[PDB]
Amino acid sequence: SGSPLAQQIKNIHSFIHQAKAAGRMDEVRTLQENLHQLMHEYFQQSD
Amino acid sequence: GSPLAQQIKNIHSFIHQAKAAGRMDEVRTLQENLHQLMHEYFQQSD
Ligand SMILES: [Zn+2]
Ligand SMILES: [Zn+2]
């Protein structure tokens with residue numbers, strides 16, 4: 001089954017590029033933190 | 001479990017190993033590689 005967390009990562013990564021494309025660099029830097037946090041949890045071990 | 005996903009997972013593991021060993025320059029380099037590879041992997045491409 002698809003991870004909703006993986007989709008959340010894809011979405012925030014896309015959002016970061018979209019925000020950058022509008023010059024919203026302060027929002028970008030906060031979203032980068034969120035992206036890194038979501039990846040940190042996604043790449044933890046289940047077992 | 002795909003090869004490019006596993007690669008990112010493993011870099012992430014190595015980041016935490018390097019942090020636990022206080023290797024700041026190693027961490028910085030690994031983070032750079034992780035972010036580059038993340039970009040390519042998680043972008044939804046044509
Ligand atoms: Zn982490
Ligand atoms: Zn990117």
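Up top is the structure these notes are about.
What should I look at first to understand the pattern of salt bridges in this one?
Two side chains that carry opposite charge are able to pair once their charged atoms sit near each other. Residue and element names in this part refer to chain B. Taken as a whole and assessed by the stated rule, the structure comprises 5 salt bridges over all chains. A salt bridge links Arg-23 to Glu-26; its shortest N-O distance comes to 3.5 Å. Notably, a salt bridge pairs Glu-32 with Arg-28, separated by 3.4 Å at the nearest N-O pair. Residue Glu-32 and its partner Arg-28 are both found in helix α2 (residues 24–42); the two are separated by 4 residues, about one turn of the helix. Linked by salt bridges that have partners in common, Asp-25, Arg-28 and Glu-32 make up one network.

What's the story with the coordination of the zinc ion (ligand 2) in this structure? I'm lost.
Four donors placed tetrahedrally around a metal ideally meet at 109.5 degrees, and six donors placed octahedrally ideally meet at 90 or 180 degrees. All of the protein donors around the zinc ion (ligand 2) are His-13 of chain A (NE2), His-17 of chain A (NE2) and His-39 of chain B (ND1); their distances to the metal are 2.0 Å. Placement of the pair is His-13 of chain A and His-17 of chain A together in helix α1 (residues 4–20), with a separation of 4 residues, close to one helical turn. Judged by relative accessible area, which is 9%, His-13 of chain A ranks as buried.

How should the packing of α1 of chain A against helix α2 (residues 25–42) of chain A be read in this particular structure?
When two helices pack together, their arrangement is given by the angle between the helix axes and the distance between those axes. Residue and element names in this part refer to chain A. Direction vectors running N to C along α1 and α2 enclose 160°, while the axes themselves pass 9 Å from each other. As summarised for this structure, α1 and α2 are arranged roughly antiparallel, according to the angle between their axes. For the element pair α1 and α2, the recorded crossing hand is left-handed. For the pair α1 and α2, the contacting residues are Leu-5, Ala-6, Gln-8, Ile-9, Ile-12, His-13, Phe-15, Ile-16, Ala-19 and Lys-20 in the first and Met-25, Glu-27, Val-28, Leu-31, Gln-32, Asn-34, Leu-35, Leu-38, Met-39, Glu-41 and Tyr-42 in the second. A class-by-class count of the residues in the contact of α1 with α2 yields 14 nonpolar, 4 polar and 3 charged.

Hey, could you run me through the interface of chain B and chain A in this one?
Reports of interface size often rely on the accessible area that becomes lost once the parts have come together. Contacts between the two partners involve 11 residues from chain B, matched on the other side by 12 residues from chain A. With both sides pooled, the region where chain B packs onto chain A buries about 1100 Å², and carbon together with sulfur makes up 69% of that total. A per-residue breakdown of the area chain B buries against chain A is headed by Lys-9, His-12 and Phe-42 of chain B, which together make up 51% of the total. Inspection of the region where chain B meets chain A yields 0 salt bridges. Looking at the side of chain B that touches chain A, the elements with two or more residues in it are α1 (3–20) and α2 of chain B. Tallied by class, the residues present in the side of chain B that touches chain A amount to 4 nonpolar, 6 polar and 1 charged.

About the criteria used
- Residues numbered from 1 in each chain as written, not as in the entry; some residues may be left out.
- Chains lettered and ligands numbered in written order.
- Heavy atoms only, no water.
- Salt bridge = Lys/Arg side-chain N within 4 Å of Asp/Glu carboxyl O.
- Helix = DSSP H or I, 4+ residues; strand = E, 2+ residues; numbered from the N terminus.
- Donors = N, O, S within 2.8 Å, 3.2 Å for Na, K, Ca; no water.
- Buried < 20%, exposed > 50% of the residue type's maximum accessible area, 1.4 Å probe, protein only.
- Axes fitted to C-alpha atoms, helices over the stretch in contact; angles between N-to-C directions.
- Parallel < 35°, antiparallel > 145°, perpendicular 65-115°, else oblique.
- Left-handed = near helix turned anticlockwise from the far one by under 90°.
- Contact = heavy atoms within 4.5 Å.
- Nonpolar A, V, L, I, M, F, W, Y, C, P; charged D, E, K, R; others polar.
- Buried area = accessible area lost by both parts, 1.4 Å probe.

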